[PDB]
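A.B. asks:
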Amino acid sequence: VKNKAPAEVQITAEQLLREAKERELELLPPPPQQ
Amino acid sequence: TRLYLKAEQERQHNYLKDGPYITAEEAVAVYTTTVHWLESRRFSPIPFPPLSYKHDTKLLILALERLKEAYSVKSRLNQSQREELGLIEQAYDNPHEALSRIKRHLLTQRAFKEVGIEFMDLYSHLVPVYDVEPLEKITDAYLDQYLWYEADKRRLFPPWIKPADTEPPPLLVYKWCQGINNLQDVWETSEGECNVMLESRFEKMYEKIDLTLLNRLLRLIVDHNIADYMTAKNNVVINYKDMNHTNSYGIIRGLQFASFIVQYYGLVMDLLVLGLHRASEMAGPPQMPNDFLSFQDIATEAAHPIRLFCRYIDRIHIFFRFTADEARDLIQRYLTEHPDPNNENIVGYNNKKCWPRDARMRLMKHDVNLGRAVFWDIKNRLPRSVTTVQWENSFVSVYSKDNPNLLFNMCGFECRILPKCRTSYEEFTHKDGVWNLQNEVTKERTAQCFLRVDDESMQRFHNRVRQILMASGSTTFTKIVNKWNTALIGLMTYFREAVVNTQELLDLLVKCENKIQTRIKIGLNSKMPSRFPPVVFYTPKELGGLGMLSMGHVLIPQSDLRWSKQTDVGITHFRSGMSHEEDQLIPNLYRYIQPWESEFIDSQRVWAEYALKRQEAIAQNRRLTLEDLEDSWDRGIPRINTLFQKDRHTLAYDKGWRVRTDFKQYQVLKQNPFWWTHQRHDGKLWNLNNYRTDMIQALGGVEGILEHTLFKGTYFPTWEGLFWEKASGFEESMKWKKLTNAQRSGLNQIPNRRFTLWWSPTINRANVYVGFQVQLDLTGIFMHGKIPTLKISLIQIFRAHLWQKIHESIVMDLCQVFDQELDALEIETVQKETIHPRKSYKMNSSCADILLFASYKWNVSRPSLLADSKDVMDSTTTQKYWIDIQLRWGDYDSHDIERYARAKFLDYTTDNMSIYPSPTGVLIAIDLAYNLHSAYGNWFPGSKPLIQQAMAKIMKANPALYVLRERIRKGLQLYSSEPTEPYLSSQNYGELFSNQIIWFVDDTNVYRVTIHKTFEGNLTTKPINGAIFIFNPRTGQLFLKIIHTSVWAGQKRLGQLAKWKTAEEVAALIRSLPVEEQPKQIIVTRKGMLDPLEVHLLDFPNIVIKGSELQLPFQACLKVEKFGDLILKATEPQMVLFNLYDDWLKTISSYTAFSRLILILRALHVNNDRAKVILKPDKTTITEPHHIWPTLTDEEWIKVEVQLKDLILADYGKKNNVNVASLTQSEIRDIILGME
Amino acid sequence: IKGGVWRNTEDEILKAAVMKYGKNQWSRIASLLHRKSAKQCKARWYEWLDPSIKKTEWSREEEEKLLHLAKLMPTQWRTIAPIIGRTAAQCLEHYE
Amino acid sequence: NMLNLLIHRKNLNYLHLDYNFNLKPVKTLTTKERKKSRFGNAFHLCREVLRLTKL
Amino acid sequence: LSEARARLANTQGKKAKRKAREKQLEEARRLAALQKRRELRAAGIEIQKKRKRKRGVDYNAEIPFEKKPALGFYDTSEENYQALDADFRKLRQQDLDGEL
Amino acid sequence: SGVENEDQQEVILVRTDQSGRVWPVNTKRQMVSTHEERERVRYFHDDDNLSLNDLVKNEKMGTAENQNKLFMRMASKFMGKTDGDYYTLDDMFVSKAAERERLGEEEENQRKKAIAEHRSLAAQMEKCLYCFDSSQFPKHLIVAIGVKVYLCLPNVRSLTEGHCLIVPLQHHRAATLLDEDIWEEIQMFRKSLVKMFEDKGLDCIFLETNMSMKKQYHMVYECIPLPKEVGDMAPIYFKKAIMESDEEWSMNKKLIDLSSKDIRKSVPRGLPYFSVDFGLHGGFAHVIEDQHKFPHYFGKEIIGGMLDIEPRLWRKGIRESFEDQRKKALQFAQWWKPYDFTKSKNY
RNA sequence: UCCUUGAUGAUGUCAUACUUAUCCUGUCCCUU
RNA sequence: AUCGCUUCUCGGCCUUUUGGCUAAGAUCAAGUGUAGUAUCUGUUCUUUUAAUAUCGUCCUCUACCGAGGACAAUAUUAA
Ligand SMILES: [Mg+2]
Ligand SMILES: [Mg+2]
Ligand SMILES: [Zn+2]
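Chains as they are written, first to last, in the numbering used here: chain A, 28 to 61; chain B, 2 to 1237; chain C, 3 to 98; chain D, 20 to 74; chain E, 745 to 844; chain F, 5 to 351.
Printed below as a string of structure tokens:
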């Protein structure tokens, strides 16, 4: 059951930027200790 | 476009900085002049569209139709088009919600979303195309419809506002010419009188409409809410890719209602030019307004020098009549304000260089000063902040005692009128380019009008053809030709008779026609060298041609007028049009398109004639019929057939549609040549069936056209019911949704495949392409050149070794014909060689396709043809006889099969590369492309009438040739109802009773269903036991095969495999039956079984399968209670035997018994209850359990036959309301036996 | 089947997408917000999300210049709006 | 001999010049073999001059 | 919101993403061939391999495009440098490169 | 043949061609070897498997495309670019005769015929207003029931007064796709509705609109009665609107005349044909190409335009009271009581 | 000094659920 | 105060960082169904008949060898 109600957090753009910084889809892992 | 928007942001900024240009004294003058005009005409202002307006849904339907016409040509749509069509369909499906929405936007909305701009490139100038939001566009379109309807009711626009509904632009020029002629003493120059013709424009009329003053004038006209909407709508943001500005000064041309604003602002400036007095004299009184070029009195005509005045959208045309006093006074004023001491007015004066030297305007000082002075006086009447009039864009022409001509140019063509009283010296009338325009009072021709096409319209047509040659869908050959035909008929049906008087336009037509033909040829690559056949272009699109129209003197060669046919006698060569003539010259369009003067004379005639016809047809009380209407179908100014438009009652509310279609150029990106007309109101206005008909007659007739094609390769008996099928090609969803226009660089000739296949016996000729002429792969096809899609077609037609299999199927069939005629001729045994299989596609040599082994000797004859008669002679050549079988693929140059046969005989028997066992054999040549066959060789007695009948049989029954023909029809997508396999239809019924074994097969009662109601009430469908009815019409033996319900476990919805189970059971029955009782013919009642049985009897190749037009009542035989109880009570499939001729053949002929049985079964099918009563009237009459029908003497059989005959005939006459006492015997036969 | 009412989530994704892609790539921003087109994203930006749009209360000299320009340029809110420094919709609404 | 020594030096073993100076591929060629074995107007023009002389 | 974060994170195109995966695959096949060669040298099997390239082996063999240091006014023929300590029981691939 | 157990049942895998004949369906590239010693001996990969009788079979059973299967594959990416001469599209086509992936042609064909075709048919069948055991099926607009066809009344506000339908029991999609027994039973209903409407003083127009034969709509045969002073003008309106119909510069010579020949032997089995009939005398026919510039209604637009009816009636309909207003069938039944031929039990 | 060789079977397989170089689309619902 | 080590704050280096051009290069859209691949869960091997295909001897041909034919059971699957 889905409820329509005005929230409290009210997600913003800088929250999207901060949660987008931690995705890390371009940081290759370092080579293993050989 | 980027430079234009830089300059346009500059202009809007300079307007917001430099204030109004309008100089408010001048704006008060404009406003006050408009107020005095509107109170002079007693104008009633347009209200807000009312809440219960009775005409509102009509105008809404009209506006939605005009918005839907924009996205009709294309089929690629983005999101904005999808939203726009969704809103149009919602406004159809709920009109009152849409009208509430429109009226709510008209009351409230005043800020609007941004509009887009792009430019249509017309190659000489650019046209703005505006992109408005869909909701706004619907509201604007309804507003435009309402404004034009209320403006035409209230008579807002006087008749000089020229794009009016009941006037084509050539009718406008014609009315202008006869209005000049019908002015009082207009050509007299005796006391000193001048005529002046000024033609100019309002240079930046659109660009300079101040929106505040526009609000003021619209609040004079319409309600203040409507005027505020129309003013605030013009002030939007214009976007292009980066660029955003605000239209603060000009107007937006692309708004749906901008046409109304333009024509009304032009009315205001017409009041500025003419003055209120002369404009009121032209409009007449409001209680009795006059039409366009007519005054109230002769005295009101000559009151002022301005005589005639029209305004096309931003083009001005005034006519002036001056006495010498007024002329000298106005020249004095011009020379006062602008003196000329060096006589330099004759230098900068432009004259028309189209006309010859005697025909142009002379340069006299008085006439040049008068033209410049009249231009000066009209130029001073307009403030440069409102609009201006420039000398470099205008043309003035003065008719005087020194000038015998006045030149003018009103619509897209120019014309000069010359009176007979002035210098003509030869009163002639022969040219169709002229107009003999008569004076009204005297009913005598005073002047001639000479018509040429303007150079700008010629350059417009040339740029139109240049656009056709661009636009990357220009490699489709029907896209090109249809765009060419549309542009050509737009040009001709606009400029009808002015085209032949203009020689440069005719040369331009020939040049552009050769250019688009060269584009098609380069699309086939064709070569630079000529003798490409013009039959592929001008052939109507129904015969597979392009349907290309023509306006140039092109001729077809005499070598194209050759054709042929192979009948039972042999090959017959027919020829078109040979006595000595070369007059085969492509029927070009000017003869078949009526000139405008004939239109204008004929139209009043046919409308008065139709009025009298429907007046006498309503007093005689009959509704109008298609014949008397067909007398005058394609004739009239609005074209009499327009009275039968789908909706005439809603087109009575569509006003102002000329200017609306002329301003669709700023809304729609597509340019149409019919910007001046529309078929909804004006009619079709051209008809080309005579043109198409004698195009077919000029190319050589239908027979002479189709010999250029692979029509003979398709092997249809006739050409009549052939329908083409562009709905199943590769242009499909994958092609439509293919994204990436570089796809259309390799796959660009794949639309052209069918065309290239169809005309392939002329494109792939030696005399069209000088070429290396390689042989195609496993074929006897030689490809001349590298035609882009022909090889794909010929590989897909001859897929999986079709030449080899056709060859070894004709060899085997001809051997099998020789395998049964041993004891008629002199034989021992026929034998088939096993040569290398690479001999079918070997043109240089061949070896031996059969070898005969004659008993003693054969005095054969001599080499002759297959279609020769006589002359048996020389030496005997024991034991040896060879035939060869050559398969060729002929073209138009070389498909004479007899000449080919004798040529290959004389080339193969007289060399060392091909070695034959004997010198006494024959080769048989077959042209697969034309289905021709012949032979040439040594014919021994009793062989030629065998080979004639044998080849005639094999050329229509070979299963390999069937695969060839069906693959050709497959690749050509060409279909046919009216010819089929020849049925049993009427005349073949006598052949039912021969010595052969013939079957009737009826599967009508196989898949029978019973419907019953469930607990839901919803009706469901359950099967019952069915049967297959097989009947002998020559013995009477019956095969009843009961089809049980169990098989139907597996679909039980629509079935569709029933036909297949029936064909499978018939094939299994013939398989179990011995070879003595196998049928020769199987004739089926239902045509749908003709294809499955022919599949399942491929193991039995000797069975002919025929359909019946003559239907038989064999379904009624299972209505009998014995058969019904045998079927419905059964639980196992079984074959039951019967005989419906019960004991009749002891005393009756098979056909009499069959006719009696058809009478009985048809009476059971219709009479029922009454047939059973009449056939069983007495208890003492009995029937035997080994039989079906009662034992009767022959007279009793005659009695019951006459009775059931009356049962059939009376019920036919009852169900068709016809008398049975007037029927002829053939009609009675067609009622009883089959169906007429 | 595009548009409707704008929620806070779509507007914050629109703000972050203008921060990433700029004010000259609206079809890359409208690919990030379904049921909203590029014209709708551009209009929503310039009409409620540009930080030059004065969402504060109208002062006295602003509404005086508003009445002067609206008497001075009748129903020309796209022309009046850059002079008094408000959105044309806000300008029209406050004039009414 | 000159023309098929030019063929055999370019390692184009999948082509065949017959004795009447027709150049035909022995097999069906890949995209790389077809891009490799495309001759110009010099080779083909000399081949056709030799075809005329052999006629 | 998930697509919003995943598209605000990305900056790389097709070729950069295939080259990063190709670098990881090259590292994996290098460690695999290293393990195979280390086993073949540990048990002791002297299978030699091939090389088919014009350049590339010129790096360890000698000084690639060697320029001699220009000589003058001071004798420098006597002095020399001391080679690096091998120490192949502590030394790692990370150690030669230095910390990231 | 194949089974395809569609969630419980068994459906026999069958394929339809363009001509609507229903056929039972039986159940890296390596560039195979298209040559011999120096000589070209076969093009496709299976040129030596097909016998002549097998070619006759595949020509009779085969659907009418044979170009599209190759054109779809070579229309794709990485196919190279046609550089004018020496590599045309003709020899690009030859180079794509590779080795199919172990009866992959068979699997794809089977998959298309079975799963796609069956799904489309089922979807049409379940949402069909006709074909009795369906989902919507108002069931009280039924007036008649025959051997294989019946009379129905439309689901919407019914453009004219006695608007009725002649509908078969099964999906058949066309009249040319019908067999003669179903067509002769439709003509009996036609000859009865003409005689009923003529005795009321009205006239008859029988429409049949068949769009593209790949969407599987049910066959319906319209009957729209309108007054005799309007029905005498009815051939003129259709003669005018059929020639000013579908795309200009057509191929097939618009306005086929069916007065003597009739529909079955006038339009071939397989292609769309809007057709019109005026009472008992046949009217006109029009083979439909360009399925976007031809409305799917087209006949009620002309009839509702000559009767001056609003456009909501013909496009999208107006729904009625689901039992109350749809008891016009009571009025239609007392009209059709003397003219019923589908029974004799009237004792 | 736990023993301490010249070497032709081992971990699988099947089913279900989640995402394509295939598959088919040019397409619609529902109340006043 | 001076020198050294360790917290803490901050300034300057931080272009060490956005590595071209064209018509903002262009355009802007989806749903369903099947097939294939991967992952997870559950449970199995080693130590008579039917269908299809084809070393010894004898004969003939050609220069001990080769080819051709005939003859003698063999292999697979299921109960
Ligand atoms: Mg990309
Ligand atoms: Mg390229
Ligand atoms: Zn149905």
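Note that the Cβ used here is the ideal one computed from N, Cα and C, for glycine as well.
Could you name the residues of chain A that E14/C contacts, counting a contact when the two beta carbons are closer than 7 angstroms?
C.D. replies: In chain order: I38, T39, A40, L43.
A.B. asks: Let me confirm a value: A92/B is counted as buried when at least 16 other C-beta atoms fall within 10 Å, else exposed. Which label applies?
C.D. replies: Burial call: buried.
A.B. asks: Do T232/B and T77/C have their CB atoms nearer than 8 angstroms?
C.D. replies: Yes; because the gap between Cβ atoms is below 8 angstroms, this pair is in contact.
A.B. asks: Which value, in whole angstroms, describes the spacing of the CA atoms of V771/B and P530/B?
C.D. replies: Cα to Cα, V771/B sits roughly 8 angstroms from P530/B.
A.B. asks: Taking 8 angstroms as the threshold, find out whether the stretch 148 to 160 of chain F comes into contact with the stretch 111 to 121 of chain F through three or more Cβ pairs.
C.D. replies: Because the criterion of three Cβ pairs below 8 angstroms is not met, the stretch 148 to 160 of chain F and the stretch 111 to 121 of chain F do not touch.
A.B. asks: Would you please verify whether the beta carbon of residue 109/C is less than 8 angstroms from any beta carbon of chain B?
C.D. replies: Missing from the structure shown is residue 109/C; chain C here goes from 3 to 98 and no further.
A.B. asks: In whole angstroms, what separates the C-alpha of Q1079/B from that of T49/D?
C.D. replies: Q1079/B and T49/D: Cα-Cα distance of roughly 55 angstroms.
A.B. asks: Could you check how far apart the C-beta atoms of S263/F and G286/F are, in whole angstroms? I think they sit under 8 angstroms.
C.D. replies: Confirmed, Cβ separation roughly 5 angstroms.
A.B. asks: Give a yes or no on whether the C-beta atoms belonging to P838/B and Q805/B are separated by under 8 angstroms.
C.D. replies: Taking 8 angstroms as the Cβ cut-off, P838/B and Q805/B qualify as a contacting pair.
A.B. asks: Let me know the beta strand (DSSP E) ranges lying completely inside the stretch 904 to 957 of chain B, each 3 residues or longer, listed in chain order.
C.D. replies: Runs found: 923 to 928, 933 to 939.
A.B. asks: Let's test the definition: count the other Cβ atoms within 10 Å of the Cβ of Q666/B and tell me whether it reaches 16, buried, or not, exposed.
C.D. replies: Buried, by the Cβ-count rule.
A.B. asks: Whose Cβ in chain B lies nearer than 8 angstroms to the Cβ of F97/F?
C.D. replies: Within 8 angstroms Cβ-Cβ: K792, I793, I796.
A.B. asks: For the alpha helix (DSSP H) containing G714/B, name the first residue and the last one.
C.D. replies: Counting along the chain, the alpha helix (DSSP H) containing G714/B begins and ends at 712 to 715.
A.B. asks: Any residue with its C-beta under 7 angstroms from a non-hydrogen atom of ligand 1 counts. Can you list them all in chain order?
C.D. replies: Working through the chain, the matches are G757/E, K758/E.
A.B. asks: How would you list, in chain order, the residues of chain A whose beta-carbon sits under 9 angstroms from the beta-carbon of residue 849/E?
C.D. replies: Outside the shown range of chain E, which is 745 to 844, sits residue 849/E, and nothing can be said about it.
A.B. asks: What's the gap between the Cα of residue 1264/B and the Cα of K905/B?
C.D. replies: One cannot answer for residue 1264/B here, as it falls past the ends of chain B, which runs 2 to 1237.
A.B. asks: Counting contacts by CB-CB distance shorter than 8 angstroms, is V45/D in contact with chain F?
C.D. replies: True, the Cβ-Cβ gap to chain F drops below 8 angstroms.
A.B. asks: Relative to ligand 3, what is the chain-ordered list of residues with a Cβ closer than 5 angstroms to any of its non-hydrogen atoms?
C.D. replies: Residues flagged by the Cβ proximity filter: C132/F, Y134/F, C135/F, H175/F, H222/F.
A.B. asks: For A300/B, which residues does DSSP report across the bridge?
C.D. replies: The partner list for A300/B (beta bridge, DSSP) is empty, contrary to what the question assumes.
A.B. asks: Check whether the Cβ atoms of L259/F and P960/B sit closer than 8 angstroms, and answer yes or no.
C.D. replies: For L259/F and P960/B, no; Cβs fall outside 8 angstroms.
A.B. asks: For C450/B, does the three-state DSSP call read helix, strand or coil?
C.D. replies: Strand at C450/B.
A.B. asks: Quick one: grab the DSSP three-state call for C311/B.
C.D. replies: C311/B falls in the strand class under three-state DSSP.
A.B. asks: Looking only at its chain, what residues have a beta carbon closer than 7 angstroms to the beta carbon of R316/B, apart from the 5 residues adjacent to it on each side?
C.D. replies: The residues are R202.
A.B. asks: Can you tell me whether DSSP reads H56/B as helix, strand or coil?
C.D. replies: The answer is coil: DSSP assigns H56/B none of H, G, I, E or B.
A.B. asks: Heavy atom of ligand 2 less than 7 angstroms from the Cβ of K85/F, yes or no?
C.D. replies: At least one heavy atom of ligand 2 is nearer than 7 angstroms to the Cβ of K85/F, so yes.
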